[PDB]
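Participant:
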Amino acid sequence: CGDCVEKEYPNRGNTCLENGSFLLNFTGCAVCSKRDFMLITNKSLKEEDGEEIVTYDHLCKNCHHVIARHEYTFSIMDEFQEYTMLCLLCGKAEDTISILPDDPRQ
Ligand SMILES: [Zn+2]
Ligand SMILES: [Zn+2]
Ligand SMILES: [Zn+2]
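One gets PDB author numbering by counting positions in the sequence shown from 1 and adding 1 to each.
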């Protein structure tokens, strides 16, 4: 309900994830008032030309209302990798890593 989160799309100093629920930003629901109560459902995955995308939602373990929506997208460009995340709860973040054909991933 947006009142579920302390901050809307908090920055994570570059952290981009396809899993979990950010309990440190979740202040507990406002449809029912419960905390440390959540599930994940409708989890989709997409892949275009080397880019990998993961989209999902968070649901209150008590009232099963949709707490928030999550998106994580990952792209490979020429010699580098790009990571981006956007979630009302988990946060908004972006990172880029330079790599080699030896696949070292820093
Ligand atoms: Zn809520
Ligand atoms: Zn709730
Ligand atoms: Zn999230």
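Using N, Cα and C, we set each Cβ at its ideal position, and we do this for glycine too.
Whose C-alpha, out of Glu95, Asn20, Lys62 and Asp104, is nearest the C-alpha of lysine 35?
Facilitator: Ranking the options by Cα distance to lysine 35, first place goes to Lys62.
Participant: Hey, which unbroken runs of the alpha helix (DSSP H) at 4 residues or more fall wholly within the region 65-105?
Facilitator: Correct list: empty.
Participant: Just to confirm, are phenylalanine 23 and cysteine 91 a CB contact at a threshold of 8 Å?
Facilitator: A contact, by the Cβ cut-off of 8 Å.
Participant: Per DSSP, which one or two residues make a beta bridge with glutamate 48?
Facilitator: BP columns for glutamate 48 point to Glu53.
Participant: So what does DSSP say about residue 113, is it helix, strand or coil?
Facilitator: Because residue 113 is not part of the residues shown, which for the chain are 2 to 107, the question remains open.
Participant: Please output, in chain order, the residues near ligand 1 using a CB cut-off of less than 6 Å to any non-hydrogen atom of the ligand.
Facilitator: Cβ atoms closer than 6 Å to ligand 1 belong to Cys2, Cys5, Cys30, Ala31, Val32, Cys61, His66 and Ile68.
Participant: When the Cα of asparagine 12 is compared with those of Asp79, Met86 and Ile98, which residue comes out closest?
Facilitator: Here the closest residue by C-alpha is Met86.
Participant: Go through its chain and collect everything with a Cβ distance to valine 32's Cβ below 8 Å, but skip five positions before and after it.
Facilitator: Same-chain partners within the cutoff: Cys2, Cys61, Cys64 and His66.
Participant: Taking the DSSP output, what are the residues bridged to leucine 40?
Facilitator: For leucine 40, which the question treats as bridged, DSSP gives the partners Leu60.
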